[PDB]
Amino acid sequence: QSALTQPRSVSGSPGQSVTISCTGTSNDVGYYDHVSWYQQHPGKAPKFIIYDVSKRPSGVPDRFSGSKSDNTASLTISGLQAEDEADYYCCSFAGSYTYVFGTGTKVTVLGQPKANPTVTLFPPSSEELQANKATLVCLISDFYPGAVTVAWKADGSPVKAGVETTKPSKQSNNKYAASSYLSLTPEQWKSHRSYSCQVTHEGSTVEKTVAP
Amino acid sequence: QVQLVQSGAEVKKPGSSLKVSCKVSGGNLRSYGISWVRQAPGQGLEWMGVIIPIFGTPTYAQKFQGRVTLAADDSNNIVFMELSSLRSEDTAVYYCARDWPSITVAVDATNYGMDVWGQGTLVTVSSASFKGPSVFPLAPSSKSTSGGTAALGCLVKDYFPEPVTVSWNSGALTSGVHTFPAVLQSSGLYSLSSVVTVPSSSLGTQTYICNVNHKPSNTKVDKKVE
């Protein structure tokens, strides 16, 4: 079956309330009252937090609450704390010993002011050029929230092929960092006079430029 | 205090068969049911099947019907999941979870709820061969220098499989260090970066060496960044 429909992301300040929607069909969410929710922190296993639409297992704080309406279940976190920043998945019994999981929702707790990103662009190293390879490495650091878009340009024209970008990861100082690579060959790297890595964060763009 | 202990990580080629085990401690498996949920890297949870040993033959999700099997060893409190004809899209972390999709009494558990989860089993499916990485220095420049500080790093390129560990000055340098997660390229090999922001006063005096360890290939590389 198709996965239950959840919002991609959701955010709120400490002390605020947030709601995750979970839309299924009349054969699962709208049929049974067996909707469960699960919290997953980065690099860890999911955690049982909600079952039977609105029942909380032993130990889960009453900050979390559940509800259902037609084919849409909802999870509410009332009084966001830094620990609540995680991924959340809904799940519903689908009949005949089967379950269906939701697409998952990222909960962001905006407990830190906006930080503008620092962009560092490295040209292909002389060591890699001898290996008949040329990789441009764009490093973005110290930005909050952790959401950026990276675009590459060569002499002003956009470059999308050969681009690989990591999702933002938390630094040691709780800010976020991201990396993007433009993998070429020395011949293709020498065929353009200037390369640009543009990073858009919260509506503002930052650009770094290198030249062969 | 029931706990689920899963088998270790595994690297397998396309066309082979996977076998992961889930061992129950602190309770009897005959009173429980076990679900299996997998999660591709950076993706969501996906239910695959469930087995209740006291109720007989298990049930599988439709997209896995024909290449997944579930079996239980009641005397050893362990269940097994076998996924056959592995493809690259089967690369995921495979969890087991105590479950009871039943109206009957869930002994020490919860009806229609996955309450106890295992630590997960990382499974990589790829045609690539074991290969150590090539390390390249990301030298500091005038474009990486601003306000008495400068950024330098190392490019760890083309290795398989995960993971690699990066340190700076044998682990003595940790302030300002950030090692990025790896990217999976079209070549089937991984690549990541590790950068460190460093005062510009020390660039001419202090030595900065990144230490890269790829234990699957027993490759250790030290690269001075000048």
Side-chain angles (χ1 to χ4, degrees), chain A residues 4 6-7 9-22 35-67 73-91 101-115 141-148 166-169 171-178 201-202, chain B residues 1-4 6 37 39 41-45 93 95-98 110 113-120 122 174 178-181:
Chain A
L4 313 177
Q6 296 192 231
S9 64
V10 86
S11 44
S13 282
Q16 290 203 256
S17 275
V18 85
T19 299
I20 318 288
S21 36
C22 173
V35 169
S36 41
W37 290 86
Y38 302 90
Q39 176 189 235
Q40 186 183 29
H41 282 85
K44 294 163 51 103
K47 183 188 178 183
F48 196 47
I49 60 161
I50 297 283
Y51 69 100
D52 285 356
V53 178
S54 63
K55 298 177 194 168
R56 270 180 309 280
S58 189
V60 173
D62 56 320
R63 165 162 76 260
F64 303 80
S65 36
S67 36
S74 274
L75 165 70
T76 291
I77 313 176
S78 76
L80 281 171
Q81 299 174 19
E83 58 190 89
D84 300 336
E85 176 164 293
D87 285 323
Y88 291 80
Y89 295 86
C90 66
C91 178
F101 272 96
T103 49
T105 306
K106 174 62 177 184
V107 167
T108 303
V109 181
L110 300 162
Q112 174 182 350
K114 175 171 112 177
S141 65
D142 303 293
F143 58 91
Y144 193 91
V148 292
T166 58
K167 294 193 221 293
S169 42
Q171 301 177 144
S172 52
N173 65 342
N174 290 118
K175 281 168 181 170
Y176 279 95
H201 179 254
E202 297 299 285
Chain B
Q1 198 219 40
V2 164
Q3 188 171 325
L4 303 191
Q6 314 193 212
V37 181
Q39 183 177 41
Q43 300 190 29
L45 304 172
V93 174
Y95 297 97
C96 61
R98 192 174 66 173
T110 308
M114 314 184 201
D115 51 335
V116 181
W117 288 68
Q119 86 269 25
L122 190 270
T174 59
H178 184 84
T179 299
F180 293 87

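So you know, we letter chains A, B, ... as the sequences are listed, proteins then strands, and number each from 1. Note that these values count all heavy atoms, side chains included, but never hydrogens, waters or copies made by symmetry.
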Asker: Yes or no on side-chain contact (heavy atoms from CB on, under 4.5 Å) for A:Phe64 and A:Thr76, after CA distance, side-chain angles and deciding distance?
Answerer: CA-CA 6 Å; A:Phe64 303 80; A:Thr76 291; over 6 Å; no
Asker: Sub-3.5 Å donor-acceptor pair from the side chain of A:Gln39 to the main-chain atoms of A:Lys47, do we have one?
Answerer: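 Side chain of A:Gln39 to backbone of A:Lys47: no pair is present.
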Asker: Would you say A:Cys90 and A:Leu75 make side-chain contact, with heavy atoms under 4.5 Å?
Answerer: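 Side chain of A:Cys90 against side chain of A:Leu75, heavy atoms only: no contact under 4.5 Å found.
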Asker: Of all the heavy-atom pairs spanning A:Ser74 and A:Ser21, show the shortest one and how long it is.
Answerer: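 Looking at all heavy atoms of both residues, the closest pair is OG-CA, 3.9 Å.
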Asker: The criterion is disulfide (SG to SG under 2.5 Å); which residues satisfy it with B:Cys96, sequence neighbours excluded?
Answerer: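 Disulfide (SG to SG under 2.5 Å) list for B:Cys96, sorted by chain: B:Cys22.
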Asker: For B:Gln39, which residues count as a side chain to side chain donor-acceptor pair (under 3.5 Å) partner, sequence neighbours excluded?
Answerer: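 B:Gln39 satisfies side chain to side chain donor-acceptor pair (under 3.5 Å) with A:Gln40, A:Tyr89 only.
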Asker: Any chance you could lay out the side-chain contact (heavy atoms from CB on, under 4.5 Å) test for A:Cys91 and A:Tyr38, step after step, and finish with the verdict?
Answerer: CA-CA 8 Å; A:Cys91 178; A:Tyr38 302 90; 3.8 Å; yes
Asker: Might you point out which heavy atoms bring A:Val35 and A:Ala73 nearest each other, and give the distance in Å?
Answerer: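 Answer, listing the atom of A:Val35 first, then A:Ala73: CG1-CB, 3.7 Å.
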Asker: Can you tell if the side chain of B:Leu45 reaches within under 4.5 Å of the side chain of A:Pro46, non-hydrogen atoms only?
Answerer: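 Yes, side chains in contact.
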Asker: Would you mind reporting whether A:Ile50 and A:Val60 have side-chain heavy atoms less than 4.5 Å apart?
Answerer: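 The answer is no, as the side chains (C-beta and beyond) never meet within the 4.5 Å cut-off.
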Asker: Is the A:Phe48 to B:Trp117 ring centre distance short of 6.0 Å?
Answerer: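 Judged by ring-centre distance (under 6.0 Å), A:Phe48 and B:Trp117 do not meet the cut-off.
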Asker: Closest heavy-atom contact between A:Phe143 and A:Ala177?
Answerer: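 Answer, listing the atom of A:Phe143 first, then A:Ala177: CE2-CA, 3.5 Å.
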Asker: Using a 4.5 Å cut-off on heavy atoms from C-beta on, say whether the side chain of B:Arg98 contacts that of B:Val2.
Answerer: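 Yes, side chains in contact.
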Asker: Do A:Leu4 and A:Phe101 have side-chain heavy atoms sitting under 4.5 Å apart?
Answerer: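 Sidechains of A:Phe101 and A:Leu4: no contact.
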Asker: Indicate yes or no: at least one non-hydrogen side-chain atom of A:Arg63 is less than 4.5 angstrom from one of A:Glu83.
Answerer: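 Side-chain contact under 4.5 Å: yes.
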Asker: Begin with the C-alpha distance, continue with both residues' side-chain angles, and end with the deciding distance and a verdict on side-chain contact (heavy atoms from CB on, under 4.5 Å) for A:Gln16 and A:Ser11.
Answerer: CA-CA 9 Å; A:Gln16 290 203 256; A:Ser11 44; over 6 Å; no
Asker: Could you measure the distance from the NE2 atom of B:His178 to the OG atom of A:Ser172? Nearest 0.5 Å is fine.
Answerer: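 Here the interatomic distance stands at 8.5 Å.
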Asker: Is there a side-chain contact between A:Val10 and A:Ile20 (heavy atoms, below 4.5 Å)?
Answerer: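 Touching, per the 4.5 Å side-chain cut-off.
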Asker: Taking side chain as C-beta onward, heavy atoms only, is A:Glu85 less than 4.5 Å from A:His41?
Answerer: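 SC-SC contact between A:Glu85 and A:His41 ruled out.
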Asker: Quiz question: by atom type and distance under 3.5 Å, do the side chains of A:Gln112 and A:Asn174 form a donor-acceptor pair?
Answerer: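 On atom types as modelled, these side chains do not qualify, holding no pair under 3.5 Å.
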Asker: One pair to check against side-chain hydrogen bond (donor to acceptor under 3.5 Å, both in side chains): A:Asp142 and A:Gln171. What are the steps and the verdict?
Answerer: CA-CA 8 Å; A:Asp142 303 293; A:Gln171 301 177 144; 3.1 Å; yes
Asker: Which heavy atom in A:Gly146 sits nearest to a heavy atom in A:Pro168, and how many Å separate them?
Answerer: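 Reported closest heavy-atom pair: O-CG, 3.4 Å.
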Asker: Rounded to the nearest 0.5 Å, what's the gap from OH on A:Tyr88 to SG on A:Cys22? Could you check?
Answerer: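 Reported value, rounded in 0.5 Å steps: 15.0 Å.
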Asker: Supply the atom-to-atom distance B:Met114 CE to B:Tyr95 OH, rounded to the nearest 0.5 angstrom.
Answerer: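 B:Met114 atom CE to B:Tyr95 atom OH measures 13.5 Å (nearest 0.5 Å).
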Asker: Any chance you could measure A:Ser17, atom OG, to A:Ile77, atom CD1, to the nearest 0.5 Å?
Answerer: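 Reported to 0.5 Å precision, the distance equals 9.0 Å.
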Asker: Is a donor on one side and an acceptor on the other found under 3.5 Å between the side chain of A:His201 and the backbone of A:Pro145?
Answerer: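 Yes; judged by distance alone, with no hydrogens or angles, the pair exists.
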Asker: Could you report the tightest heavy-atom contact between A:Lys175 and A:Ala115, atom names first, then the distance?
Answerer: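 The answer is CE-CB, 3.8 Å.
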Asker: Provide the closest heavy-atom pair for A:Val109 versus A:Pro14 in the form atom of the first, atom of the second, distance.
Answerer: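 A:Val109 and A:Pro14 have their closest heavy atoms at CG1-CG, 4.1 Å.
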Asker: Just do the side-chain contact (heavy atoms from CB on, under 4.5 Å) check on A:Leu110 and A:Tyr144 with the steps written out, would you?
Answerer: CA-CA 9 Å; A:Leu110 300 162; A:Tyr144 193 91; 4.0 Å; yes
Asker: Hey, what do you get for CD1 (A:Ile49) to CG (B:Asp115), rounding to the nearest 0.5 Å?
Answerer: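 Reported to 0.5 Å precision, the distance equals 13.5 Å.
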Asker: When you check the side-chain N and O atoms of A:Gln6 and A:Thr105, is any donor under 3.5 Å from an acceptor?
Answerer: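 Distance-only check passes for A:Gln6 and A:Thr105.
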Asker: For the OG atom of A:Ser169 and the CZ atom of B:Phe180, what is their distance to the nearest 0.5 Å?
Answerer: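 Going from the OG atom of A:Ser169 to the CZ atom of B:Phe180 covers 6.0 Å.
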